[PDB]
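Notes for the one structure printed next.
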Amino acid sequence: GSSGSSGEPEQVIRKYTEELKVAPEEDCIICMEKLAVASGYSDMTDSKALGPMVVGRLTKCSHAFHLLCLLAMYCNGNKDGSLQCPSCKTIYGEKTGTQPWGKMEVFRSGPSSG
Ligand SMILES: [Zn+2]
Ligand SMILES: [Zn+2]
């Protein structure tokens, strides 16, 4: 009696990101908007469980990021029961630490965020 080996992406996000009582003084690079304000993807994404206002901080690099924005990026394509920070590039699923497969090979998809 079991289903959904992995489960859902909505949970994975929180599993790596811990919701904060109140959005910190950080700035979301994913949408380039102040955490204080709603999420930029709020329009594109229409999830019920998650929310645009909702904000949390990771458990690795402790970087604040719109719990929603993270889901949008993960769902966009990277849906392998994992999550990587678009800031410090820290993986939580694949491998917590070293880079993915040594030196990722970006041919068409190459994120440019400092
Ligand atoms: Zn955001
Ligand atoms: Zn980070």
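So you can find residues: chains in the structure tokens are A, B, ... in the order shown, residues in each start at 1, and ligands are numbered from 1 in order.
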(message) Could you list, as a VMD selection string, all protein and nucleic acid residues with an atom at most 6 Å from ligand 2, counting only C-alpha atoms and all ligand atoms?
(response) chain A and resid 61 63 85 87 to 88
Distance table requested - chain A against ligand 1, cut-off 8 Å, only C-alpha atoms and all ligand atoms: one row per qualifying residue with the closest atom pair and its distance in Å to one decimal, ordered by chain and rising residue number, as JSON lines.
{"residue": "A:27", "atom": "CA", "partner": "ligand 1", "partner_atom_place_in_ligand_line": "1 (Zn)", "distance": 8.0}
{"residue": "A:28", "atom": "CA", "partner": "ligand 1", "partner_atom_place_in_ligand_line": "1 (Zn)", "distance": 4.7}
{"residue": "A:29", "atom": "CA", "partner": "ligand 1", "partner_atom_place_in_ligand_line": "1 (Zn)", "distance": 6.7}
{"residue": "A:30", "atom": "CA", "partner": "ligand 1", "partner_atom_place_in_ligand_line": "1 (Zn)", "distance": 5.2}
{"residue": "A:31", "atom": "CA", "partner": "ligand 1", "partner_atom_place_in_ligand_line": "1 (Zn)", "distance": 4.3}
{"residue": "A:32", "atom": "CA", "partner": "ligand 1", "partner_atom_place_in_ligand_line": "1 (Zn)", "distance": 6.6}
{"residue": "A:33", "atom": "CA", "partner": "ligand 1", "partner_atom_place_in_ligand_line": "1 (Zn)", "distance": 6.0}
{"residue": "A:34", "atom": "CA", "partner": "ligand 1", "partner_atom_place_in_ligand_line": "1 (Zn)", "distance": 7.6}
{"residue": "A:35", "atom": "CA", "partner": "ligand 1", "partner_atom_place_in_ligand_line": "1 (Zn)", "distance": 6.7}
{"residue": "A:38", "atom": "CA", "partner": "ligand 1", "partner_atom_place_in_ligand_line": "1 (Zn)", "distance": 7.6}
{"residue": "A:39", "atom": "CA", "partner": "ligand 1", "partner_atom_place_in_ligand_line": "1 (Zn)", "distance": 4.6}
{"residue": "A:40", "atom": "CA", "partner": "ligand 1", "partner_atom_place_in_ligand_line": "1 (Zn)", "distance": 5.7}
{"residue": "A:41", "atom": "CA", "partner": "ligand 1", "partner_atom_place_in_ligand_line": "1 (Zn)", "distance": 7.1}
{"residue": "A:52", "atom": "CA", "partner": "ligand 1", "partner_atom_place_in_ligand_line": "1 (Zn)", "distance": 7.9}
{"residue": "A:65", "atom": "CA", "partner": "ligand 1", "partner_atom_place_in_ligand_line": "1 (Zn)", "distance": 6.1}
{"residue": "A:66", "atom": "CA", "partner": "ligand 1", "partner_atom_place_in_ligand_line": "1 (Zn)", "distance": 4.6}
{"residue": "A:67", "atom": "CA", "partner": "ligand 1", "partner_atom_place_in_ligand_line": "1 (Zn)", "distance": 7.9}
{"residue": "A:68", "atom": "CA", "partner": "ligand 1", "partner_atom_place_in_ligand_line": "1 (Zn)", "distance": 7.2}
{"residue": "A:69", "atom": "CA", "partner": "ligand 1", "partner_atom_place_in_ligand_line": "1 (Zn)", "distance": 4.9}
{"residue": "A:70", "atom": "CA", "partner": "ligand 1", "partner_atom_place_in_ligand_line": "1 (Zn)", "distance": 7.8}
Grab the residues selected above and save them as a PDB file, in the first residue's frame with N, CA and C atoms.
ATOM      1  N   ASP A  27      16.975  39.800  -1.219  1.00  0.00           N
ATOM      2  CA  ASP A  27      16.407  40.139  -2.519  1.00  0.00           C
ATOM      3  C   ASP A  27      16.423  38.931  -3.451  1.00  0.00           C
ATOM      4  N   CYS A  28      15.250  38.562  -3.952  1.00  0.00           N
ATOM      5  CA  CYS A  28      15.128  37.422  -4.854  1.00  0.00           C
ATOM      6  C   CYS A  28      15.703  37.752  -6.228  1.00  0.00           C
ATOM      7  N   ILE A  29      16.747  37.027  -6.616  1.00  0.00           N
ATOM      8  CA  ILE A  29      17.388  37.242  -7.907  1.00  0.00           C
ATOM      9  C   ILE A  29      16.602  36.572  -9.029  1.00  0.00           C
ATOM     10  N   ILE A  30      15.865  35.522  -8.683  1.00  0.00           N
ATOM     11  CA  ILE A  30      15.065  34.795  -9.660  1.00  0.00           C
ATOM     12  C   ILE A  30      14.084  35.724 -10.367  1.00  0.00           C
ATOM     13  N   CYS A  31      13.441  36.595  -9.595  1.00  0.00           N
ATOM     14  CA  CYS A  31      12.477  37.540 -10.145  1.00  0.00           C
ATOM     15  C   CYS A  31      12.974  38.974  -9.995  1.00  0.00           C
ATOM     16  N   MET A  32      14.137  39.129  -9.371  1.00  0.00           N
ATOM     17  CA  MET A  32      14.723  40.448  -9.163  1.00  0.00           C
ATOM     18  C   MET A  32      13.736  41.377  -8.464  1.00  0.00           C
ATOM     19  N   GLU A  33      13.025  40.843  -7.477  1.00  0.00           N
ATOM     20  CA  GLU A  33      12.047  41.626  -6.730  1.00  0.00           C
ATOM     21  C   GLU A  33      12.261  41.474  -5.227  1.00  0.00           C
ATOM     22  N   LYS A  34      11.849  42.487  -4.472  1.00  0.00           N
ATOM     23  CA  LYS A  34      11.994  42.468  -3.021  1.00  0.00           C
ATOM     24  C   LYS A  34      11.048  41.450  -2.393  1.00  0.00           C
ATOM     25  N   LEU A  35      11.606  40.537  -1.605  1.00  0.00           N
ATOM     26  CA  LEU A  35      10.811  39.508  -0.943  1.00  0.00           C
ATOM     27  C   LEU A  35       9.536  40.102  -0.353  1.00  0.00           C
ATOM     28  N   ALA A  38       5.093  40.556  -3.678  1.00  0.00           N
ATOM     29  CA  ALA A  38       4.712  39.251  -4.204  1.00  0.00           C
ATOM     30  C   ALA A  38       5.772  38.716  -5.162  1.00  0.00           C
ATOM     31  N   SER A  39       5.625  37.454  -5.553  1.00  0.00           N
ATOM     32  CA  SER A  39       6.572  36.821  -6.463  1.00  0.00           C
ATOM     33  C   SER A  39       6.287  37.221  -7.908  1.00  0.00           C
ATOM     34  N   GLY A  40       7.339  37.271  -8.720  1.00  0.00           N
ATOM     35  CA  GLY A  40       7.182  37.640 -10.114  1.00  0.00           C
ATOM     36  C   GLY A  40       6.478  36.568 -10.923  1.00  0.00           C
ATOM     37  N   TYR A  41       6.769  35.310 -10.614  1.00  0.00           N
ATOM     38  CA  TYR A  41       6.160  34.189 -11.320  1.00  0.00           C
ATOM     39  C   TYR A  41       4.699  34.018 -10.916  1.00  0.00           C
ATOM     40  N   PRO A  52       2.726  33.242  -3.636  1.00  0.00           N
ATOM     41  CA  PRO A  52       3.670  34.272  -4.079  1.00  0.00           C
ATOM     42  C   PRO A  52       4.257  35.060  -2.913  1.00  0.00           C
ATOM     43  N   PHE A  65      14.469  32.841  -0.581  1.00  0.00           N
ATOM     44  CA  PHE A  65      13.963  32.757  -1.946  1.00  0.00           C
ATOM     45  C   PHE A  65      12.470  32.439  -1.954  1.00  0.00           C
ATOM     46  N   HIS A  66      11.720  33.173  -2.768  1.00  0.00           N
ATOM     47  CA  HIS A  66      10.278  32.970  -2.871  1.00  0.00           C
ATOM     48  C   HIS A  66       9.953  31.497  -3.099  1.00  0.00           C
ATOM     49  N   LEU A  67       9.547  30.814  -2.035  1.00  0.00           N
ATOM     50  CA  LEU A  67       9.205  29.398  -2.120  1.00  0.00           C
ATOM     51  C   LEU A  67       8.527  29.080  -3.449  1.00  0.00           C
ATOM     52  N   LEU A  68       7.766  30.040  -3.964  1.00  0.00           N
ATOM     53  CA  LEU A  68       7.065  29.862  -5.230  1.00  0.00           C
ATOM     54  C   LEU A  68       8.040  29.909  -6.403  1.00  0.00           C
ATOM     55  N   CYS A  69       8.869  30.946  -6.436  1.00  0.00           N
ATOM     56  CA  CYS A  69       9.851  31.108  -7.502  1.00  0.00           C
ATOM     57  C   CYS A  69      10.675  29.836  -7.680  1.00  0.00           C
ATOM     58  N   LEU A  70      11.059  29.227  -6.564  1.00  0.00           N
ATOM     59  CA  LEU A  70      11.851  28.002  -6.595  1.00  0.00           C
ATOM     60  C   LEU A  70      11.093  26.880  -7.300  1.00  0.00           C
TER      61      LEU A  70
END
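Running DSSP on the backbone gives alpha helix (DSSP H) for these residues within chain A: residues 9, 10, 11, 12, 13, 14, 15, 16, 67, 68, 69, 70, 71, 72, 73, 74, 75 and 76 of chain A.
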Quick one: residues within 8 Å of residue 74 of chain A, only C-alpha atoms, excluding same-chain residues fewer than 5 positions away - as an mmCIF file with N, CA and C atoms, in the first residue's frame?
data_model
loop_
_atom_site.group_PDB
_atom_site.id
_atom_site.type_symbol
_atom_site.label_atom_id
_atom_site.label_comp_id
_atom_site.auth_asym_id
_atom_site.auth_seq_id
_atom_site.Cartn_x
_atom_site.Cartn_y
_atom_site.Cartn_z
ATOM 1 N N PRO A 9 6.456 18.047 -5.928
ATOM 2 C CA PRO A 9 7.505 19.072 -5.941
ATOM 3 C C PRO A 9 7.268 20.156 -4.895
ATOM 4 N N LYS A 79 13.134 18.701 -12.778
ATOM 5 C CA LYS A 79 12.230 17.963 -11.904
ATOM 6 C C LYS A 79 12.753 16.554 -11.644
ATOM 7 N N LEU A 83 16.772 20.187 -5.815
ATOM 8 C CA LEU A 83 16.660 21.640 -5.893
ATOM 9 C C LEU A 83 18.029 22.299 -5.762
#
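Of the listed residues A:3, A:84, A:110, A:54, the one whose atoms come nearest to residue 98 of chain A is A:84, with distances taken using only C-alpha atoms.
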(request) Write out as a list in words each polymer residue whose atoms come within 10 Å of residue 100 of chain A, counting only C-alpha atoms; drop sequence neighbours fewer than 4 positions from it. (result) residues 84, 89, 90, 91, 94, 95, 96, 104 and 105 of chain A
Selected residues written out with N, CA and C atoms, as a PDB file, in the first residue's frame:
ATOM      1  N   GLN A  84      18.320  23.232  -6.662  1.00  0.00           N
ATOM      2  CA  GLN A  84      19.596  23.939  -6.645  1.00  0.00           C
ATOM      3  C   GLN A  84      19.383  25.444  -6.524  1.00  0.00           C
ATOM      4  N   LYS A  89      24.533  28.256  -6.297  1.00  0.00           N
ATOM      5  CA  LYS A  89      24.562  27.027  -7.082  1.00  0.00           C
ATOM      6  C   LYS A  89      24.794  25.814  -6.187  1.00  0.00           C
ATOM      7  N   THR A  90      24.050  25.744  -5.088  1.00  0.00           N
ATOM      8  CA  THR A  90      24.174  24.636  -4.149  1.00  0.00           C
ATOM      9  C   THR A  90      23.053  23.622  -4.345  1.00  0.00           C
ATOM     10  N   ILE A  91      23.427  22.386  -4.658  1.00  0.00           N
ATOM     11  CA  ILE A  91      22.452  21.324  -4.869  1.00  0.00           C
ATOM     12  C   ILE A  91      22.026  20.697  -3.545  1.00  0.00           C
ATOM     13  N   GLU A  94      20.500  15.992  -5.987  1.00  0.00           N
ATOM     14  CA  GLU A  94      21.571  15.281  -6.672  1.00  0.00           C
ATOM     15  C   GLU A  94      22.730  14.995  -5.721  1.00  0.00           C
ATOM     16  N   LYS A  95      23.518  16.026  -5.430  1.00  0.00           N
ATOM     17  CA  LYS A  95      24.659  15.888  -4.534  1.00  0.00           C
ATOM     18  C   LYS A  95      24.865  17.160  -3.717  1.00  0.00           C
ATOM     19  N   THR A  96      24.721  17.043  -2.401  1.00  0.00           N
ATOM     20  CA  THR A  96      24.891  18.182  -1.508  1.00  0.00           C
ATOM     21  C   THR A  96      26.365  18.536  -1.343  1.00  0.00           C
ATOM     22  N   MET A 104      29.164  21.141 -14.988  1.00  0.00           N
ATOM     23  CA  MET A 104      27.964  21.147 -15.817  1.00  0.00           C
ATOM     24  C   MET A 104      28.287  21.593 -17.239  1.00  0.00           C
ATOM     25  N   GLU A 105      27.565  21.037 -18.207  1.00  0.00           N
ATOM     26  CA  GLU A 105      27.777  21.379 -19.609  1.00  0.00           C
ATOM     27  C   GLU A 105      26.573  22.124 -20.176  1.00  0.00           C
TER      28      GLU A 105
END
(request) Tell me which of A:64, A:73, A:49, A:4 sits closest to residue 24 of chain A, counting only C-alpha atoms. (result) A:64
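Relative to atom CA of residue 99 of chain A, atom CA of residue 23 of chain A is found at 28.6 Å.
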